[PDB]
Amino acid sequence: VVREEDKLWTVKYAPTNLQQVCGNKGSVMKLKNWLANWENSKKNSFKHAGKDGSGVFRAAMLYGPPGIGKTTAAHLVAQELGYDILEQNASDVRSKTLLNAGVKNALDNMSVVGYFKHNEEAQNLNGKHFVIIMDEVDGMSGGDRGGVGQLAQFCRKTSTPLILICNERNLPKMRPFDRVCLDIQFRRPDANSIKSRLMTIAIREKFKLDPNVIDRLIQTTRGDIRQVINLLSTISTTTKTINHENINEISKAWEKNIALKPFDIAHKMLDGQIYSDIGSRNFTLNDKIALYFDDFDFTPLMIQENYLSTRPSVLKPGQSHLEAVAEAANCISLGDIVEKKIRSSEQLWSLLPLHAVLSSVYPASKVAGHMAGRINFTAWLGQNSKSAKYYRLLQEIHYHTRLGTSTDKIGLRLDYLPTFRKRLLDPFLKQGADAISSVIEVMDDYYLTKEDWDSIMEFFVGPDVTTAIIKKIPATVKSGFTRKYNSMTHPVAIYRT
Amino acid sequence: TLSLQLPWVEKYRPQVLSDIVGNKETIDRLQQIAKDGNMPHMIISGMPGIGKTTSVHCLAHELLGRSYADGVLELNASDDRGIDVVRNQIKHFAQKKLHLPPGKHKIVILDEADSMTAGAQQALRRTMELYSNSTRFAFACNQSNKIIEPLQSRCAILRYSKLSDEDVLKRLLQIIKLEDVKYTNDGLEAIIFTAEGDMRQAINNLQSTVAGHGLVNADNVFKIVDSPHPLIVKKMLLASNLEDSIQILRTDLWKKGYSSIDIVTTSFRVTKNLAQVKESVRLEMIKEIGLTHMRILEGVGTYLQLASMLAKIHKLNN
Amino acid sequence: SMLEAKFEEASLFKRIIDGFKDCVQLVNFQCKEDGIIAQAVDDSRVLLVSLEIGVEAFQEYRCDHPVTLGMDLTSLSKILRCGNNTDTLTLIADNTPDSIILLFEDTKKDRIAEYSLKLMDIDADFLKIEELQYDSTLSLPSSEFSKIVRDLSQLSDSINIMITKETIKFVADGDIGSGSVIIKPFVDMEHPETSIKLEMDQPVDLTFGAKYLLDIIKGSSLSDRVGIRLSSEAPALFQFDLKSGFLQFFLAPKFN
Amino acid sequence: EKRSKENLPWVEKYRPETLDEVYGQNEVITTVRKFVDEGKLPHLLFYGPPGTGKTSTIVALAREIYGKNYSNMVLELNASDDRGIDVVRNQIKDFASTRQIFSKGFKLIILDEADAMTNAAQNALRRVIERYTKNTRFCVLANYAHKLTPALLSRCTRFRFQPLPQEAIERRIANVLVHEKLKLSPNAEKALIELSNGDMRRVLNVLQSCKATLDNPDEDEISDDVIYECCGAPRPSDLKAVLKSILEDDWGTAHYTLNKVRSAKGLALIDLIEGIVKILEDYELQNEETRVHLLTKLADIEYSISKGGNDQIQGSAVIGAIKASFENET
DNA sequence: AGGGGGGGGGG
DNA sequence: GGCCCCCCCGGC
DNA sequence: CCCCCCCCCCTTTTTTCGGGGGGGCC
Ligand SMILES: Nc1ncnc2c1ncn2[C@@H]1O[C@H](COP(=O)(O)OP(=O)(O)OP(O)(O)=S)[C@@H](O)[C@H]1O
Ligand SMILES: Nc1ncnc2c1ncn2[C@@H]1O[C@H](COP(=O)(O)OP(=O)(O)OP(O)(O)=S)[C@@H](O)[C@H]1O
Ligand SMILES: Nc1ncnc2c1ncn2[C@@H]1O[C@H](COP(=O)(O)OP(=O)(O)OP(O)(O)=S)[C@@H](O)[C@H]1O
Ligand SMILES: [Mg+2]
Ligand SMILES: [Mg+2]
Ligand SMILES: [Mg+2]
């Protein structure tokens, strides 16, 4: 019914069997082996893992860059094994409420279509068994509520094979799928794994395609077979020859733009080539600002973290590394002030471009060069979380001892805590278990608890660390102290905290 | 006095692909696809007012003939394009059974797709993939980076270039001949110079002139159309002496009604895109302009601040 | 217009449509000189709906050539809801049909309502349903079957039907106890409608989900007696007898 | 309003009702008159600073096009109203796609102060403008062009409202004097124009304050002294004396002169700095770095004053900055 | 930039 | 159909 | 089974109003 010359080249030349899939052979073999031994694992209750390690996972998580052939490979492996494909995609609502009334029934139930289609067939034991394919898991948005958790629970209480397909795996939303599926990673096909297919397509479509320029096309499409096929289809409409005379124009016109990751952004921005006289004409200031804007919530942190681990090559005659570092730090402080002004009540987001220069571009322009080591992710977030937790515990302690002390939390930390340590930790190290009564009396006088004790002893830094001292305390003393604390009533300062 | 006349932008909006000027290779490719059918999924990107919406509309009209009404689904930023809309209405249109000539397909035109949310774009993927034998997708956007990578992978790329002076000039002669407008060479040159490659602005200026003064000349065009202020800002920033820059700012910017915030923003952009100046000097000037912008945003939008910024920039470039 | 099928009352058509509207979303109708046939496959690929209506149900039926129509439950249900239940309902389809015409005719108030329903393109070919040698055959009234299904669905999410010698048991062991209902063949002369009949051949023990049974029993008001055919390993056939034609549900059993 | 128009402020009492009462925008007024006289009225973008008469001009244009009952035949939306994506999608689209009610005519939409609108609404308005152009026209009034998306700017014909020229302000002042039966000295007029900076609202407010200040307006003439007393602005003579003392006299006498001048009439330091800047802008300096230092230090002092602080220290800093900058002259 | 991992060639 | 609530961009 | 090029891919979360979208109660 459908004419053979009226279909997209991607569908017309789609692989018919797994043997025609180009690239990522190892992943294909692994997936085929996993799908060919699922029954044995089920009979073993997914307990006896095999040599390949695929005998314990009842679900598969396929991931890779777009346009590599994950969906096609999954569909072909499902078809060749005789299973019945049930596909759930991003165009179907996959919220928790809808999923609870949907695929749950099919996860542990035979297919009627398979029974009524393979009834006359023989040895097709897999024709009546469902295989679930969840395509574009990353495509779930606020429109799908609680889908990730439902899928994570599905991957462990599933009675039928399940295959998940996604484009981004490092995203935090994939955290629940960390250790519940067999991870299959697909790479960008090489220029030699698709040469024969592309030459065959060119011969069939009656347009000349010079082999010597093939690689650049992939370099232009960056591992996207679908994109290069579409490029060929579009160019062949009016241009019947693809040679070195016009390869540059099409490569420039069809260049794919993908936002760089924070690590890649930091690596590129801290390179001295782009800041040279010749590099600046290629990678301009606008290009650097766009690179910053690719991820404006992480770039300044990465720059501030990784600007001390470079070997600058753009140092001014007579300038030292330390002077450039100081200038970069001053610019970073100015950018921090600008950022604080940006996120104020006025919401001056129009200053974001300025923050690009004062936080990322300018400080990097003074220490640009070659990294002296591996790029490290910013550690400021963990430090901020730890400081917030410490401040919360300090506030709790201060308001627990407010009725007895005349000071603030800052004064409590800076002045009171050492004196308190002199009474709540020191006498355990001298009198052994005979200091329990005095410590309990102090706690009662200042309305302190055991959790408050742990929080207070955890604040100290420098040569007054208490972790080793606390650990070296005999276990009998600690047990006796706990028993004494739990064997009597204590006053409470704040009620219904 | 209440019978409005159709503006020349809509009156002379091209209806065939042969009336579109500029981007010759893409226009001939579109014409060939329309003649031979089999229109693939496409994404057309470019700056405003270059003929993307017109191009897609002409392509769809020529392809579908009389079936345009029942075979074209057009959605833009002025219509609801939420995730539910994509999941229900677009799916219904794609699954619709419409008898068409053998070489034609249903067309969905999502204009201004750069404003669509990520969820709708993600949901559209399998909708285009599964129903590619009956329905095809043509997106028109201003910024290509706002479209998710999978959609670009499934679609061809058509990046429209900037309209050359010759093409705009030729279209102007054609429209003037059609309207029988008395013109002079200098007036047309001024109109094209002020248009900066925007055909719509050129048509608007050409209508406003003649509609207000009759004959087209440099003076008539310039008394209603002002020279782009970015050029004046660049001239001020490149002045050899501080006195010249101050005079330019006072005469062409401050006394003409331009606001300080606009002036500082334009200076920021111009310094961002100044190739002749060294990158380090550009960064210092950007820092100074940002300081001035922060001062202005706090309330002190005075000519004194702009003069101080110009003086500091001159000191830096000395 | 080769296809013209007239129902004296739209109520019959509405009752036919809504009986399987809540289990499927896309349906395919084949219109032939012998009547109407229809097939529907649920999204989960577990429950299959078959339907046919003979020429007796139509006061007028003309079909020069066989045709096919792809329909969606939501739009058809909305269009039917627009019309009343006491007007003649005419379905009209022309050659190369991209849409169907629904005519609501009221001959007392002289009222004509024309609706156009756009057809859908469905690739799925019809599954060849072949007469199965069902081991167990049962025929019971619709009312108590619906009652038992609804009551047992509240205790478990999947119930087991066991057919043995003069015994039909509905085990509903789950979260709430293990309540079950056991019935035996019974014949009433005064009330032939309530006649449980058993054609025991071989023991049967098949587990079926609660949601599919709940959706299927929704058609209990449509018919009077429901016929349940079970086999050793095959989908249960729930036959709903019609005045002319019938409505069949195929339900695939759960594994083990 | 309440009672009569005499109770209204002069800024609102003298609001133009027709197009011929708008002064200082002859080119724009003539262009719009020609447009509305022959049916070719395109989409308008009135860009200009405050107090130029954009709102008055558009109101007069609407009145001329439609007549007395123009309020019921136009859709006026401003920053005071909620203008979101939903509003643009529903209300504006319905207004543009629907016929008139009271009388036959085209639909007019006035989006005053559109620079305070979100980017989503501006993006949505593009197709609304380009689809109903046959029967609807759009007018957008703005003070800052950077807040408008390029797509919106491309679809509108731009008209710039310049600061009011001297002659227009004189004519309006004469009309106001005739209406209010008031007399103004020529020097007072020159001072009013100098302090006006092209804003008619300032003219009207200062004139009303001066009239209220007079003991008896019937036979009293407003002079420059009255204007200075009402506005509290420094007199040119005081500015000249302060600058002379700073430039030639020593530290102690310059400080004494500045303090005496400020305390004589309670003058503010920022106005003195502004006047000194205006005076020195015309000085034929022989060196550039002197002007650079003057501008930078005076801008720093103005920024510091804007946030408050010690006034005496700020004045001493002004004196020291001027002296140091002029030291470079040699 | 540093380290881990997959696939073609040599052994 | 209407609140109420939660998550997410924000420059050119 | 063991070793050597050639390249690809991963090393990772906090944020001040105002507006928009999309889900859940009712
Ligand atoms: N290994 C491959 N060999 C040949 N063609 C391929 C290959 N991979 C993809 N294609 C072609 O691209 C078309 C679509 O491939 P897809 O399977 O949809 O890509 P994908 O990996 O699923 O990327 P996303 O996540 O759907 S954007 C196929 O019909 C093929 O024509
Ligand atoms: N290549 C062109 N040739 C002739 N006229 C053009 C051309 N491009 C634009 N115009 C004219 O300008 C008018 C508007 O063109 P548009 O199609 O709206 O530009 P656009 O690029 O689609 O604007 P955006 O990106 O949606 S804001 C047309 O009706 C034409 O009259
Ligand atoms: N050209 C003018 N001629 C006479 N009076 C004017 C003129 N312009 C402004 N005014 C006077 O100042 C008052 C306010 O004018 P407006 O129309 O509000 O200025 P505006 O440009 O709309 O202010 P913005 O840009 O919205 S802050 C008018 O009522 C007039 O009394
Ligand atoms: Mg795919
Ligand atoms: Mg457009
Ligand atoms: Mg106004």
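Numbered from 1 within each chain, the chains take letters A, B, ... in sequence-line order.
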Using atom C1' of each nucleotide, how far apart are G:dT13 and E:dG3 to the nearest Å?
23 Å
Which sugar class, north or south, is indicated for G:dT14 by the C1'-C2'-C3'-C4' dihedral?
south
Among the nucleotides G:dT11, G:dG21, G:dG24, which one has an atom lying closest to any side-chain atom of D:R89?
G:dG21
Just call it for A:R343: base, sugar-phosphate, or nothing, with non-hydrogen atoms closer than 4.0 Å on any strand.
base
Using the rule given for salt bridge (charged side-chain N to carboxylate O under 4.0 Å, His left out), can you reason through B:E112 versus D:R126, listing the C-alpha separation, both sets of side-chain angles and the distance that settles it, and then say yes or no?
CA-CA 10 Å; B:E112 282 146 21; D:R126 299 160 54 177; 3.1 Å; yes
Non-neighbouring partners of A:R188 that pass salt bridge (charged side-chain N to carboxylate O under 4.0 Å, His left out), sequence neighbours left out:
none
When you get a sec, tell me which of G:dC9, G:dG22, F:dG10 is the closest nucleotide to the side chain of B:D84?
G:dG22
Taking the side chain as every heavy atom from C-beta outward, state whether B:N142 and B:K52 have any atom pair closer than 4.5 Å.
yes
Considering only atom P, compute the distance from G:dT11 to E:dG6 and round it to an integer number of Å.
15 Å
Taking only N and O in the side chain of B:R269, is any of them less than 4.0 Å away from OP1 or OP2 of F:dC12?
yes
Would you call A:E255 and B:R159 a salt bridge, taking side-chain N to carboxylate O under 4.0 Å as the test?
no
Would you kindly give the CE-to-P distance between A:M140 and G:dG21, to the nearest whole Å?
22 Å
Which sits closer to the 5' end of DNA chain G, A:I375 or B:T117, going by the nucleotide each is nearest to?
A:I375
Between G:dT12 and F:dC12 - P atom distance, rounded Å
34 Å
More 5' along DNA chain G: B:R81 or A:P172, using each one's nearest nucleotide?
A:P172
Would you measure the distance from the P atom in F:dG11 across to the matching atom in G:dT14 and give it in whole Å?
25 Å
With syn defined as a glycosidic angle within 90° of 0 and anti as everything else, classify G:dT16.
syn
Side chain of A:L381 only, heavy atoms from C-beta on: which candidate in G:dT13, E:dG7, G:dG19 is closest?
G:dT13
Hey, can you tell me if A:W349 and A:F296 have their rings parallel, tilted or perpendicular (30° and 60° cut-offs)?
perpendicular
Is_stacked (A:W349, F:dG11) at 5.5 Å, 30 deg
no
Does the pair G:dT14/G:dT15 satisfy a centre-to-centre distance of less than 5.5 Å between six-membered base rings together with a plane angle of less than 30°?
yes
So if I take every side-chain heavy atom of B:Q143 and compare against G:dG24, E:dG2, F:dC12, which nucleotide ends up nearest?
F:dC12
With a 4.5 Å heavy-atom cut-off, do B:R125 and A:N167 have their side chains touching?
yes
Can you see if the side chain of A:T378 gets near the phosphate of G:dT13 - specifically, an N or O under 4.0 Å from OP1 or OP2?
no
For E:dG11, which nucleotide is its Watson-Crick or G-U wobble mate, given both distances must be under 3.5 Å?
none
With respect to the side chain of A:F296, which nucleotide from F:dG10, G:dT14, G:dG20 is positioned closest?
F:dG10
Please classify the nucleic acid contact of A:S95 as base, sugar-phosphate, or nothing, using heavy-atom distances under 4.0 Å.
nothing
Measure from CG on A:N376 to P on G:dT13 and round the result to the nearest Å.
14 Å
On the side chain of A:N384, is there an atom forming a donor-acceptor pair with the base of G:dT14 - under 3.5 Å, no angle test?
no
Within the 4.0 Å heavy-atom criterion, would you say A:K340 contacts the bases, only the backbone, or no part of the nucleic acid?
nothing
Any strand, both distances under 3.5 Å, Watson-Crick or G-U wobble: G:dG22 pairs with F:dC5
Given the structure, check if the side chain of A:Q347 and the base of G:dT16 hold any donor-acceptor pair shorter than 3.5 Å.
no
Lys/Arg cation over aromatic A:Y275: A:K288, 6.0 Å, 45° cone:
yes
Do me a favour and sort the pucker of G:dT12 into north or south by its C1'-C2'-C3'-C4' torsion.
north
Counting any heavy atom closer than 4.0 Å, what does A:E346 reach on the DNA or RNA strands: base, sugar-phosphate only, or nothing?
nothing
What's the CG-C1' distance between A:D52 and E:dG6, to the nearest Å?
15 Å
If you measure from the P atom in G:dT15 to the same atom in E:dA1, how many Å do you get, rounded?
34 Å
From F:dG11, G:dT11, G:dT13, pick the nucleotide closest to the side chain of A:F263?
G:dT11
Would you kindly give the CG-to-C1' distance between A:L285 and F:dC12, to the nearest whole Å?
13 Å
With respect to the side chain of A:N170, which nucleotide from E:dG6, G:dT12, G:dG20 is positioned closest?
G:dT12
Rounded to the Å, how far apart are A:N192 CG and G:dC6 P?
13 Å
Select base, sugar-phosphate, or nothing to describe what B:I83 touches, counting heavy atoms under 4.0 Å on all strands.
sugar-phosphate
Least distance between heavy atoms, A:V28 atom then A:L18 atom
CG1-CD2, 3.6 Å
Hey, does the side chain of A:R188 come within less than 4.0 Å of G:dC9's phosphate (OP1/OP2), counting only N and O?
yes
Torsion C1'-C2'-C3'-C4' of G:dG23 sorts its sugar, positive to north and negative to south, as north
Write down the distance between CZ (A:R94) and P (G:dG23), rounded to a whole number of angstrom.
14 Å
With a 4.5 Å heavy-atom cut-off, do D:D81 and D:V87 have their side chains touching?
no
Pairwise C1' distance for G:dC17 and F:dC7, with rounding to whole Å:
16 Å
Measure CD1/A:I68 against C1'/E:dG6 and give the value in whole Å, please.
14 Å
Whole-Å distance between E:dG2 P and A:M371 CE?
9 Å
